[PDB]
Amino acid sequence: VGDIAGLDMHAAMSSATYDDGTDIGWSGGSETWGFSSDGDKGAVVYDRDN
Amino acid sequence: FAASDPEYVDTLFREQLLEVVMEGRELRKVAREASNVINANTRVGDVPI
Amino acid sequence: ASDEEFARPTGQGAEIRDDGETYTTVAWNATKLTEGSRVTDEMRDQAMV
Amino acid sequence: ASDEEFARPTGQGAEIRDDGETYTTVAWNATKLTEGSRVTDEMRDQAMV
Amino acid sequence: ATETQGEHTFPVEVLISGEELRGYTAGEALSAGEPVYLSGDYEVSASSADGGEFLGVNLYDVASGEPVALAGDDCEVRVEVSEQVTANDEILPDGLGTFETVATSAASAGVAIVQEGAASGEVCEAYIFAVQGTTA
Amino acid sequence: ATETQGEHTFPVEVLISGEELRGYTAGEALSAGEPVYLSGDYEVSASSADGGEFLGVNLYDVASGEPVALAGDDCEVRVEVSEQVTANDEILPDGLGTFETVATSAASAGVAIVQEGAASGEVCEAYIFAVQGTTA
Amino acid sequence: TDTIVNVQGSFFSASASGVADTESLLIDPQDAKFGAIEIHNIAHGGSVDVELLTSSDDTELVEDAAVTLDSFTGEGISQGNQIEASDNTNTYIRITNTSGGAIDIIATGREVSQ
Amino acid sequence: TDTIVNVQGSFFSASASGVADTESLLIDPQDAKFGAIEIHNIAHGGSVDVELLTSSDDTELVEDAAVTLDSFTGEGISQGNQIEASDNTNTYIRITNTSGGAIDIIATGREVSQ
Amino acid sequence: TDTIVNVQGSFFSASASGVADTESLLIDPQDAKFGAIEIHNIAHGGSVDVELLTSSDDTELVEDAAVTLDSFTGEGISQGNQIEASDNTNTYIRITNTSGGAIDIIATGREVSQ
Amino acid sequence: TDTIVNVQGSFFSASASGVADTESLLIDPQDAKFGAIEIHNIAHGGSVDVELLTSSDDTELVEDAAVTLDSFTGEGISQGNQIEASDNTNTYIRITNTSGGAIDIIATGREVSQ
Ligand SMILES: [K+]
Ligand SMILES: [Mg+2]
Ligand SMILES: [Mg+2]
Ligand SMILES: [Mg+2]
Ligand SMILES: [Mg+2]
Ligand SMILES: [Mg+2]
Ligand SMILES: [Mg+2]
Ligand SMILES: [Mg+2]
Ligand SMILES: [Mg+2]
Ligand SMILES: [Mg+2]
Ligand SMILES: [Mg+2]
Ligand SMILES: [Mg+2]
Ligand SMILES: [Mg+2]
Ligand SMILES: [Mg+2]
């Protein structure tokens, strides 16, 4: 799981942690963090150094 | 109000510019491994077939 | 203990507000589970086991 | 930095041409995140933790 | 006032910010977040409705005759409401251990301003800014 | 508010004294010394005229949605007035980013008291003593 | 040579009891696990208009395109349809009651791969 | 290249012999091992009403929405239907005898995934 | 013995809102992930001409062959079609508005292997 | 329990533009990678005869048997057919123009196993 598709780190994150804008003073991001319905962003694959 | 950043952002200090410039797109470089390489003695030459 | 929270986005010079660790309990109240069995002396004598 | 581009084919004794490194910036604008809590001295003494 | 995290109910921390924390004596048994007024000399009891009876809110549970810590004006507080409050609503004591809006009450000026709105029976966040005593 | 010293313009220090400095989110673009009220949950917007809309003065310039600091009550403040103010005048927001006297407004009570008098468009020194919200 | 049994892929249904004289059942492919639906059956306890909609929003119906497919009269069943809707293509099906009173609507079919 | 043989469905049927003059056969998807059913054939020994119901209980019929799909006169077969019902949607199909005497009813179809 | 569940297809749709009085929806198989499409449903908010085209270019539309399949009159739906197109065969479907104003067009189907 | 998504078919099409007054499109199963074809759609830009031929040669059309299946008239579409041909059975389909002028022809279908 930490060594898949040429990736060498898995960063497992929480459901609550993305900014949905419901917390006070937090201005929501553009996306939906999830994996349940159309447009849900469930993973990000990336270069750690960028 | 008291002295604070949003008031004096460009009058008491400069916004940081990072010392490291971040790299653009790197293209894959393989031709030397991927072919027979001739280090030619001349700019023009012929290979016998 | 209470759940972890997210720290609060704040202005400069503004008061840091309190959201302290908050506590509760679950109360155990151990319930006496009991079981009895009675046997006569003649039963105890005559049984093979 | 701009992306890597490709060198240009040239005649012999001819002027080398310029496609030097061009640059841009990415901004950051850090937001203050704050958390606070308060405890009375008597609570601090009496608590098991 | 209480908060839910799964099956657990937690005691709400009445104080969000402020240092206007003052010692009185309880004239009766008081609960946390309860609005209170002066019933005798340095002695506080729970507020009745319709104004003229507010010094602050009680910070922890006390029996009758015990020393109370009170949050006065200049405190941001988590307080329970009997009706729907929007932000910028003025609230004052309800008479029921809670806050209601100035709009609902027979009074015409409040003691706290609502900073975070809440439904009936829920916890708003408010800023205490005034005291009400007797004017005749 | 701003201060001309020859060719130079300087920002006016909004805060004279006090520690009633509290964090909110800007509901619109706000400028230093501007009066504000709660437009949403911990969200503040520019006050309108005739009272019922005051929490404090904006300490520094902010864009919409940014975290703002306010001076609330028990702050002494430097603020811009739309009319002549003498000492002991009660003032509240004019709806123009400035303050006016209670005497000029349709309101019957103010939010600050003028300590140092000023002409129209100039900086008075005032003490913030109240907040005003929705009473119906 | 290898022999396999085929069971048909997931059943889908949306239903409403006592939908009012001008209200609607909205069939949303978000409710399907495969994200896309094919409606074979529309059962109506009175007259209904069937409408096929595209949304301008990925998650809620905010109408962009709308076509009234057909109007069914009285109580009955329509079967053998292939009315097709997807979440990723943002399509919705609305069955609107047009009887002079409340009706019951049941729609069924199957899930299709998005 | 790989070649597979497809055997269709899993068989589903409900039946009643001599259902009384005003009584009914209740087709319940809970009887199917995959939990959903698609009825194709209704054979009826006399006149019948077909009714499609949603229940308000997860396991028993407690009527919420109800629609009479069609009425079949006389004795015969209705074939090539696709009346669909499932357990976790609590859907039910009722065949009601209207003939005024005792009749035989046989419904057939196949199981479908839940 | 070995028992598998079959989901019946992969979904495809093209849609346009307010397509003008002589404009068209181009249904392009290059938008499908499997490379070929089969349109079953055309829902039309007014009158339309349906046209099938071969391109002389592998990726753009440069009309080699064209046939008007049918003309649909008024608002409605055509369902159960099998209008077929793919990238490698350079086939496109064009739905052209013929109404005296703008309309909404929704086309649906499934993907087929290239 | 194991669940599979079924994408149907492999696409097949032959087409021609401006085929002359008595010339033809020869639909040849040798062009299918699976060796056999089932044709669903014949789009014709004028009147055409459909003809089905067996060849006495494995690779070229040397007519053994020939049958004219139908004559279509005007510009239009014939859809949902199952006209069928394979290479090892040396079967060819000929669409012959009868319009008295040049027309466009598009045939589509899917590949079948040999
Ligand atoms: K005060
Ligand atoms: Mg999407
Ligand atoms: Mg040479
Ligand atoms: Mg908390
Ligand atoms: Mg030169
Ligand atoms: Mg360049
Ligand atoms: Mg303070
Ligand atoms: Mg969607
Ligand atoms: Mg059930
Ligand atoms: Mg269930
Ligand atoms: Mg192509
Ligand atoms: Mg190609
Ligand atoms: Mg052959
Ligand atoms: Mg052979």
Side-chain angles (χ1 to χ4, degrees), chain A residues 14-26, chain B residues 21-27 29 36 38-49, chain C residues 1-10 14-25, chain D residues 1-12 14-24 32-39 43, chain E residues 1-18 32-33 57 59-60 71 75-81 87 114-119 121-127, chain F residues 22-25 41-42 67:
Chain A
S14 290
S15 185
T17 200
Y18 178 86
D19 191 6
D20 57 32
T22 59
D23 286 349
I24 279 62
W26 292 99
Chain B
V21 51
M22 294 305 282
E23 304 301 351
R25 181 189 68 185
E26 275 205 48
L27 305 181
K29 295 155 186 75
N36 187 34
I38 300 88
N39 299 109
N41 299 330
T42 57
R43 203 207 101 254
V44 273
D46 315 287
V47 181
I49 314 296
Chain C
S2 170
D3 292 355
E4 290 180 355
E5 289 178 40
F6 298 86
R8 195 185 179 120
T10 315
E15 283 186 56
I16 305 183
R17 285 170 173 116
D18 297 319
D19 197 302
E21 201 171 57
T22 301
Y23 307 92
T24 198
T25 66
Chain D
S2 41
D3 297 344
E4 290 182 350
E5 288 170 278
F6 300 83
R8 202 197 196 99
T10 319
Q12 190 180 111
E15 283 174 335
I16 297 185
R17 295 178 165 110
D18 300 324
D19 195 1
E21 202 166 51
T22 187
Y23 301 95
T24 205
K32 194 175 185 166
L33 301 186
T34 70
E35 186 77 297
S37 65
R38 273 183 290 170
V39 178
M43 187 69 257
Chain E
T2 194
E3 173 182 333
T4 306
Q5 298 178 10
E7 72 275 19
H8 298 308
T9 54
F10 284 91
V12 157
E13 269 191 330
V14 174
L15 190 73
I16 304 162
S17 75
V57 300
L59 288 162
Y60 57 76
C75 307
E76 293 180 326
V77 290
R78 294 173 188 100
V79 283
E80 192 171 311
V81 287
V114 170
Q115 293 178 343
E116 178 182 315
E122 291 181 341
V123 180
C124 76
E125 301 193 348
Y127 175 70
Chain F
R22 276 150 33 229
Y24 300 89
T25 293
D41 299 337
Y42 287 94

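All ligand and atom numbering here is 1-based and tracks the order in the structure. Sequence lines set the chain letters: A, B, ... in the order given, protein chains first and strands last, and positions in each chain run from 1.
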Using a 4.5 Å cut-off on heavy atoms from C-beta on, say whether the side chain of E:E76 contacts that of C:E15.
no
Is there side-chain contact between C:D19 and E:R78, with heavy atoms separated by less than 4.5 Å?
yes
Is there a donor in the side chain of D:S37 and an acceptor in the side chain of C:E21, or the other way round, less than 3.5 Å apart?
no
With respect to the Mg ion (ligand 6), what is the nearest N, O or S atom of D:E5?
OE2
For the Mg ion (ligand 3), give me the closest N/O/S atom belonging to B:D46, just the atom name.
OD1
Of all the N, O or S atoms in D:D19, which has the shortest distance to the Mg ion (ligand 6)?
OD2
Establish, for the pair C:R17 and F:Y42, whether the NZ or CZ atom is under 6.0 angstrom from the six-membered ring centre and no further than 45 degrees off its axis.
no
